[PDB]
Amino acid sequence: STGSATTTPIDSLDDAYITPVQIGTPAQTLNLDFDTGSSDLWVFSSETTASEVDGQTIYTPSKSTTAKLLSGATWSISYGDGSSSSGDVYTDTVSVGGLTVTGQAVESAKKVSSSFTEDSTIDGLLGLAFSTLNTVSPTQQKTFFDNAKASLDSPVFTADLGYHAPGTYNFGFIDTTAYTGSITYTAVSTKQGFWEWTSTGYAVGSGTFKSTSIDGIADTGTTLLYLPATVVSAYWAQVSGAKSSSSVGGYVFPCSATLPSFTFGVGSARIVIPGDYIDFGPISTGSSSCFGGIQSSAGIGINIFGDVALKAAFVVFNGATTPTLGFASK
């Protein structure tokens, strides 16, 4: 089997991407944030505290003839941005782009933090990291990909995120029309539960490539590119007027600037992030200070190849017995 679904930016900055997902019988379609940095499929629901719902589409398990309460199971998650959610668990039929999993754990939110309430375009998350990070207790649950894997033509999914445009998540096959050149594969460590790999270095603009190992995670659920302070300083030093602002919470730059590109290494290959992808616009409405898309990871504890980086590539998440990642230009 295979599946193929279009993923669409939630706003003009590509702050996140939503993908339609069918849950239950008859189908209830919710727009979920596919997140390769976490492993819980959770949704706004008929159980979510009413004051914490503001425009989202909810899953109502009592209207699904295939929903079953997973007795005793609870979940609670906190994300790197400080957001969180928690609730109870149902199993139900979940379909993405024509690919159907029966018995998928659907985590129903009883509580969500303010940032989720405030984003009316995201109805929940669909985790695609390794199932060892799933938060369901006392019986940990499998991700949608883990459940589908055995049935897929090939045990893979791919992320093809657009810049200011829709893109595609495919399951079970690699669309050879969707990228240029060849795909370069690189080793993955699953020890932290993430799609964790080691980039071979970087370049700023037309500058010479620096060979240096950068361990980080491929995370579709993070907007920006988070890299060591040395690397980020070298990038922003090439932008007149750019500076790190403690009051704003990162590097800012004059909105009048033209940004240089940023290249990262995948083995002997190179992925080029155009400068425009690094512009996240005014820090507040009407300001001439703009927020940078490359930021320091020094306060995180891990480097994160988020959407800024991934949307410059066609990315293969290979869930074979020994997982690997593949990157191609496009």
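Heavy-atom basis, side chains included; hydrogens, waters and symmetry copies ignored. Counting begins at 1 with the first residue of the sequence.
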(request) Look at the side chain of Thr158 and the backbone N and O of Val316, then say whether any donor-acceptor pair between them is shorter than 3.5 Å. (result) no
(message) Could you check, using the six-membered ring where one of them is a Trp, whether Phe291 and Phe280 have ring centers closer than 6.0 angstrom?
(response) no
(message) Could you check whether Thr25 and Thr66, counting side-chain N and O atoms only, form a donor-acceptor pair closer than 3.5 Å?
(response) yes
(message) For a quick check under 3.5 Å, do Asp92 and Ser64 share a side-chain donor-acceptor pair by atom type?
(response) yes
(message) Looking only at the aromatic ring of each residue, does the gap between the centers of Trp197 and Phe327 stay below 6.0 angstrom?
(response) yes
(message) Regarding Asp175 and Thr177, do their side chains bring together a donor and an acceptor under 3.5 Å, going by distance alone?
(response) yes
(message) Does any part of the side chain of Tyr235, heavy atoms only, come nearer than 4.5 Å to the side chain of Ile278, both counted from C-beta?
(response) yes
(request) Taking the six-membered ring for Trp and the full ring for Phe, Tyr or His, determine whether the centres of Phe34 and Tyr169 are under 6.0 Å apart. (result) yes
(message) Looking at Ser113 and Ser84, would you say the former's side chain and the latter's main chain have a donor-acceptor pair under 3.5 Å?
(response) yes
(request) Return yes if a side-chain donor-acceptor contact under 3.5 Å exists between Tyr90 and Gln104, otherwise no. (result) no
(message) Rounded at 0.5 Å granularity, tell me how far CD1 in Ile23 sits from OG in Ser45.
(response) 10.0 Å
(message) side chain to side chain contact (heavy atoms under 4.5 Å, CB included) for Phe262 and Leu225? Distances and angles first, verdict last.
(response) CA-CA 10 Å; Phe262 185 87; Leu225 176 51; 4.1 Å; yes
(request) Could you tell me whether the side chains of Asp160 and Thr168 share a donor-acceptor contact shorter than 3.5 Å? (result) no
(request) Identify the heavy atoms of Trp236 and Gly293 that sit nearest to each other, and give their distance. (result) CZ2-N, 4.1 Å
(message) Is the distance between the ring centroids of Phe145 and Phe317 under 6.0 Å?
(response) no
(request) Keeping the roles fixed (side chain from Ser199, backbone from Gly265), state whether a donor-acceptor pair exists under 3.5 Å. (result) yes
(request) Please test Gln56 against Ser120 for side chain to side chain donor-acceptor pair (under 3.5 Å), starting from the C-alpha separation and ending with a verdict. (result) CA-CA 5 Å; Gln56 295 81 12; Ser120 66; 5.8 Å; no
(message) Is a donor from one side chain sitting under 3.5 angstrom from an acceptor on the other, for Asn134 and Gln141?
(response) no
(request) State, without any angle test, whether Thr223 and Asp307 hold a side-chain donor-acceptor pair at a distance under 3.5 Å. (result) no
(request) May I ask you to decide if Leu227's main-chain N or O and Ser297's side chain share a donor-acceptor pair within less than 3.5 Å? (result) yes
(message) Please check this pair: side chain of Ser296 against backbone of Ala298, looking for a donor-acceptor N/O pair closer than 3.5 Å.
(response) yes
(request) Return yes if a side-chain donor-acceptor contact under 3.5 Å exists between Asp54 and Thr117, otherwise no. (result) no
(request) Kindly confirm or rule out a cation-pi arrangement of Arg270 over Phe209, judged by NZ or CZ under 6.0 Å from the six-membered ring centre and within 45° of its axis? (result) yes
(message) Determine whether a donor-acceptor pair (N or O, by modelled atom type, separation under 3.5 Å) exists between the side chain of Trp75 and the backbone of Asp88.
(response) yes
(message) Looking only at the side chains, is there a donor atom on one of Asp40 and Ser38 sitting less than 3.5 Å from an acceptor on the other?
(response) no
(request) Check the side chains of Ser245 and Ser247 for a donor-acceptor pair under 3.5 angstrom, ignoring hydrogens and angles. (result) yes
(request) For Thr8 and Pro166, indicate whether the former's side chain and the latter's backbone hold a donor-acceptor pair under 3.5 Å. (result) no
(request) Without swapping roles, check the side chain of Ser1 against the backbone of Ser151 for a donor-acceptor pair under 3.5 Å. (result) yes
(message) Check whether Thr36 reaches the backbone of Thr220 with its side chain - one donor and one acceptor, N or O, closer than 3.5 Å.
(response) yes
(request) Flag yes if more than 12 heavy atoms outside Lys210 fall under 6.0 Å of its NZ atom; otherwise flag no. (result) no
(message) Measuring from atom CG of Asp123 to atom CZ of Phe116, what distance do you get when rounded to the nearest 0.5 angstrom?
(response) 12.0 Å
